[PDB]
Amino acid sequence: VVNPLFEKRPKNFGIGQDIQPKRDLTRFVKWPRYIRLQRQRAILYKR
RNA sequence: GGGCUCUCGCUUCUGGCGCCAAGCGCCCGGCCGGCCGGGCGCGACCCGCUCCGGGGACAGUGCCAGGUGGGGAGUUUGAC
Ligand SMILES: [Mg+2]
Ligand SMILES: [Mg+2]
């Protein structure tokens, strides 16, 4: 029944091994000046 | 099988290649147990409040006060 051709082909997201995937980067975004403002406004209000 | 600490998370003989996902699970869409065409998530751990670091309540900026200042400006440099 099974085809010998269907090999399972894992990828190595190691250092240098293979190129890395497009994962979520919201924490490091260069936000516009209005957003960065209102956020660190609320933070000052806390501090 | 259990507690504790640290490390790692897989690359050092060579002038090479390396993108646009494999696989699995779970869903169902048309046709007729089989065919054609679709979707999500694991695979690629979870949560957060400042992009990362270094300084830092001092440099610094604004206003007064003393000083220094032919680098520069203005003027003078007697009479018989
Ligand atoms: Mg002067
Ligand atoms: Mg004059």
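Residues numbered from 1 in each chain as written, not as in the entry; some residues may be left out. Chains lettered and ligands numbered in written order. Part of a larger assembly, values for the part shown. Heavy atoms only, no water.

Per the deposition metadata, cryo-EM was the technique used to determine this entry, at a resolution of 4.1 Å.

A. Local environment of the overall build of chain A. For chain A, the count of helices and strands is one helix and zero strands. In chain A, which comprises 47 residues, the share counted as buried stands at 4%. Of the accessible surface of chain A, which amounts to about 5900 Å², a share of 57% is contributed by carbon and sulfur atoms. (Helix = DSSP H or I, 4+ residues; strand = E, 2+ residues; numbered from the N terminus. Buried < 20%, exposed > 50% of the residue type's maximum accessible area, 1.4 Å probe, protein only. Areas by Shrake-Rupley, 256 points an atom, 1.4 Å probe, with all protein chains shown as cover.)

B. Summary view of the packing of aromatic side chains. A complete count under the given rule lists zero aromatic pairs for this structure. Lying over the aromatic face of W31, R39 brings its terminal NZ or CZ to 5.4 Å of the ring centre. (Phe/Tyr/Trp six-rings, centres within 6.5 Å; stacked < 30°, edge-to-face > 60°. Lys NZ or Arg CZ within 6 Å of the ring centre and 35° of its normal.)

C. Layout of the protein's contact with RNA strand B. Within the structure, RNA strand B sits among 13 residues, and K8, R9, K11, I15 and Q17 are positioned closest to it. Across the atoms of RNA strand B situated within 4 Å of the protein, the share located in sugar and phosphate is 41%. Backbone polar atom of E7 to a sugar or linking oxygen of RNA strand B: 3.3 Å apart, as the coordinates give it. Within the backbone of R9, an N or O atom sits 3.4 Å from a sugar or linking oxygen of RNA strand B. When grouped by side-chain class, the residues that make up the surface near RNA strand B number five nonpolar, three polar and five charged. (Near = heavy atom within 4 Å. Polar contact = N/O pair within 3.5 Å; in protein donor to acceptor, adjacent residues only side chain to side chain. Nonpolar A, V, L, I, M, F, W, Y, C, P; charged D, E, K, R; others polar.)

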